[PDB]
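Accompanying notes for the structure given below.
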Ligand SMILES: CC(C)(C)OC(=O)N[C@H](CCN[C@@H](Cc1ccccc1)C(=O)N[C@@H](CCC(=O)O)C(=O)N[C@@H](Cc1ccccc1)C(N)=O)Cc1ccccc1
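Chains as they are written, first to last, in the authors' numbering: chain B, 101 to 199; chain A, 1 to 99.
This is the structure in structure tokens:
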């Protein structure tokens, strides 16, 4: 799909058997999702954005379905206001910017 | 131009007679540039990002050149780590997401 930017670029993602909406963020290096029930082990980690830093939990090789496109990568879980799909997962679904 | 996401989507912008690099951020509603010499009036404003909020100064109808494409719109100035070009300006240079 092509996506204009008049509205937030929100998509439907399936991660860990659950359905959620996330924002495609070309400006995020990482993918950060709000508190959720995820299976597996993890490691503590601090990450920054505008406003400061937040503590999240790192989960590697997690399966995720973004608009039907499957991908496996690191996902971070913590106190984020919105679910953010970063370039780590965006490169995997062949997502480009165009103008 | 088409832009893959393996590297940060950094572009060259000309704003206020000065040259800078900014990140094309599909996940930013607004355009936030780091402290810089801008002409005109402004209004105080708090905005949010992942780690909390930051106080910036709002400047409306500012001219900006992103990769040769001219655009006029609101730009926010404050303690941001990187210059962010938000959807307000991205819609103006006809920028889309694709996959
Ligand atoms: C997700 C991680 C991995 C933490 O990366 C980034 O945040 N990357 C930033 C891209 C921008 N991504 C979004 C992430 C986001 C979005 C929504 C909510 C929470 C987080 C953002 O900060 N967007 C801000 C950019 C500044 C701006 O637009 O004014 C935004 O759109 N904020 C809105 C929406 C908002 C409201 C309240 C709270 C938070 C956000 C606003 N109106 O202030 C760039 C960056 C890189 C490194 C260091 C600092 C900054």
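Note that beta-carbon positions come from the ideal geometry of N, C-alpha and C, so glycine has one too.
query                                                                                                                                                                      : result
Taking residue 4(A) and residue 174(B) to be in contact with their CB atoms under 8 Å, please state how far apart those CB atoms are, rounded to whole angstroms.          : In fact, because the Cβ distance is near 19 Å, the residues do not count as touching under 8 Å.
Please decide whether residue 63(A) counts as near chain B, where near means a Cβ-Cβ distance under 7 Å.                                                                   : no
Which residues bound the alpha helix (DSSP H) around residue 87(A)?                                                                                                        : 87-90
Going by alpha carbons, who is nearest to residue 133(B) out of 168(B), 159(B), 152(B) and 199(B)?                                                                         : 159(B)
Which residues, in chain order, does the region 123-156 of chain B contribute to contact with chain A at a C-beta distance below 8 Å?                                      : 123, 124, 125, 126, 127, 128, 129, 132, 147, 148, 149, 150, 151, 152, 153 and 154
Please determine, among 176(B), 142(B), 124(B) and 164(B), the residue with the shortest C-alpha to C-alpha distance to residue 148(B).                                    : 176(B)
On the premise that residue 51(A) lies in contact with residue 150(B), defined as a C-beta separation below 8 Å, what is that separation, rounded to the nearest angstrom? : 7 Å
Can at least three beta-carbon pairs, one atom from the region 181-193 of chain B and one from the region 34-41 of chain A, be found at a separation below 8 Å?            : no
Would you grab the beta carbon distance between residue 108(B) and residue 123(B) for me? Rounded to a whole angstrom, and I think it's under 8 Å.                         : 6 Å
Cβ of residue 180(B) less than 7 Å from any chain A Cβ?                                                                                                                    : yes
Should residue 41(A) be labelled buried (16 or more other beta-carbon atoms within 10 Å of its own) or exposed?                                                            : exposed
Which bits of chain B does residue 97(A) rub up against, with CB to CB less than 9 Å?                                                                                      : 101, 102, 103, 104, 105, 109, 124, 126, 190, 195, 196, 197 and 198
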